[PDB]
Every structure is written in structure tokens, then in C-alpha cells.
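A single chain comes next, written as C-alpha cells; it is the form deposited in one PDB entry.
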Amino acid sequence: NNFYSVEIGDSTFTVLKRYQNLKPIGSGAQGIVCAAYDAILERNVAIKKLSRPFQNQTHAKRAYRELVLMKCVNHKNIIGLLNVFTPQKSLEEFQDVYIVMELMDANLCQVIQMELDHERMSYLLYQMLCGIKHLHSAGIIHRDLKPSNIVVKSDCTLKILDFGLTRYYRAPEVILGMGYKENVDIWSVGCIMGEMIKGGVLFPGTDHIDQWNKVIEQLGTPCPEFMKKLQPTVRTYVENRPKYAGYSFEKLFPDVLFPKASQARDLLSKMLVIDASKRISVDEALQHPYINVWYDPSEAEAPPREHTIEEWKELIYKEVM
């Protein structure tokens, strides 16, 4: 009676009366998302109905992780929570979790291929990095940034859609089975940037092995010191490819491609480094002359197991409440 129902395909959305004009815009394994107008905040929102949160402990933990990290994490460059709710009135009746977020206009897939000027390119990248830096401060390393999970509005603002864990934006650490650290995210930012400057996917591997070869064909075969860090099985393969020299970044990104171009190149040459121990950090990328132009300390320096289904249910119910 605070709630009403709309049918979205085979699924029923029961939502607060403030949320009108529901139109489905997403449907994965994680859940159905509708766009919607919020009549109280007088703006557009995205409403996500969680796919079977208590079906099992895999779903239960992921839903818990989503709920808590969205509550606590708070930054203009990260999709934040506007609201959460359930239409059910008691722990016993509890079934469905609705998360409400700001509605963004687009993802980066189609935008990045339209040649942006430096100002916009650098500003978008400055934004991503402030978002990543904030995620990293909360102990969240994403591992899976790509055009599809970075969202923008027509006012050139930008947010990171989700909290992570198309293999084209995966770091070599992830592609092989090596450990990773914070700067695993720098790689994904490196691919995205290169793409902006070039106009198409940097490393379009047709499979989890061709991804490697695409990378080395352009960047050169990594050091034998890097090879020693690999698992035996992957090292026997990788170590026995033909040796690639790679091209210098001047060749990989010549003045010809750009709308400053020298600065963007130096940065790229520091992000797309295969060996992560030699790859630039988030903080060093924020201080880079190509990115530093926008620096604002309020943006680039802000502040930060075992259960059964019935326990998870409660834990989630309380978080809704």
C-alpha cells in the first residue's frame, strides 16, 4: 500500500509508489534492473531486483557483499546507493531485495570510440582513477574494469558501476594465473585509454590464449625474470613462443592519432607494462602531468565468512532495515 506491482516480463517488481515509469534495462545472473523516475528526489534512478538472494550461500554472500560495500563506499565516481528496500513486512515473509542507484546515461562502449579531445579524455581518466583509488582504499580491487562497467552522464561526469571480482581489458596477471595487487586496475585503465586514442580494441584476443599473444605482439615478450613468476604449465607455453621485440610507444601511438599527445603517450607506456612490478601505481598516475591538470584533493584523497542461509537471510534483512 506503500507499494505497487508492475510486471517486467516473467518477473514482478513490487516497488515504492515514489518509483514510477519502470522500464527494464538489464537482466543478467545478478538481477533485473529497471530505469525509473523517482518522484520524491525528482530525478532518474536505476532499480535492481536481486536474483534469488537466498537461493544459496553463493547468492547470499554476494548479495551481502553488495549491500554492505554500497552502504559504506561513497564517492562521486562510484555508483552509490540511494535506497534499498523489500516489499515484505517480516523476516519470515522476506524474499526480495531492491537496490536503488542514480541512473547514468551511457556506458563507455560507444563514447570511447568517438574521438574526444584531450580535455575530455584526461578528465574521464582522472575521474576513473579517483574512483579506483577510492575502491582500493576500501580494500576492493576490481580486476574487471571495461567500457561496459564504467558509466557516464551527458555532463561529462563518470562513475564506476560495480565492485568487480570480454577478456580484452584483463591484466596479464589475471590472464595467466599469477597473484595481483592494486595496480592490476591500472592495466584496465591503460587498455581503455589506448582505445580512446586509437579507435578500437587494443588487444582483441579471440580466446584466453590469443589474448596473451595479442599483448606480446605489440608490447614485446616480457623478461625472463617475469617468466620465473609463472606457474609451470603456463610458463612452458609462454616461454616457448617466438620472441617479440614489441614496438616503441611513439610507433604504437604516433602524433597522427591524437586531437599533450607526448604526455598521454608517456602515461600509456607506464600503464600498459606487462610486469606489474614495473607498472605505474594509481597514485603515480594521478600525479601524472596528463591527469594532474584536474587534481582536487577532495576527489583524489578522500576517506575509506561462515554463515548458514537463515543467518544470511537475517544479516541481509537487517542491512535492508
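Just so we're on the same page, rigid core means the largest C-alpha set that superposes within 1.5 Å between forms. When you see a residue number, it is the position in the sequence shown, counting from 1.
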property	result
Interval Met227-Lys228, deposited residues with no coordinates in the entry (none, 1 to 3, 4 to 9, 10 or more)	none
Missing from the model but present in the deposited sequence, between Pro304 and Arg305	10 or more
Average Cα temperature factor in the PDB entry - higher stretch of 211-219, 180-188	211-219
Selected stretch [higher average CA B-factor]: 50-58 or 277-285	50-58
Residue with maximal Cα B-factor (values as given in the PDB entry) among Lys146, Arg235, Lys198, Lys133	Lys198
Candidate set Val111, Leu124, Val151, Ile140 [ranked by C-alpha B-factor, highest]	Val111
Entry-reported Cα temperature factor of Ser269, expressed as the chain third it lands in	lowest
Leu116 - which third its CA temperature factor falls in, relative to the rest of the chain	highest
CA B-factor placement of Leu252, once the chain's modelled residues are sorted into thirds	highest
Assigned third (lowest, middle, highest) for the C-alpha B factor of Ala35	lowest
Chain third (lowest, middle, highest) by recorded CA B-factor, residue given as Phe94	middle
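The same protein has a further form, the form deposited in another entry, not shown here; the description that follows concerns it.
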| item | value |
| --- | --- |
| Sole member of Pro87, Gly246, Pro222, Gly205 with a C-alpha shift of at least 2 Å between this form and the one not shown (core-superposed) | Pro87 |
| Core superposition between this form and the one not shown, C-alpha change of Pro289 at least 2 Å | no |
| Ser277 C-alpha shift between this form and the one not shown of 2 Å or more, rigid core reference | no |
| C-alpha of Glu195 off by 2 Å or more between this form and the one not shown on rigid core | no |
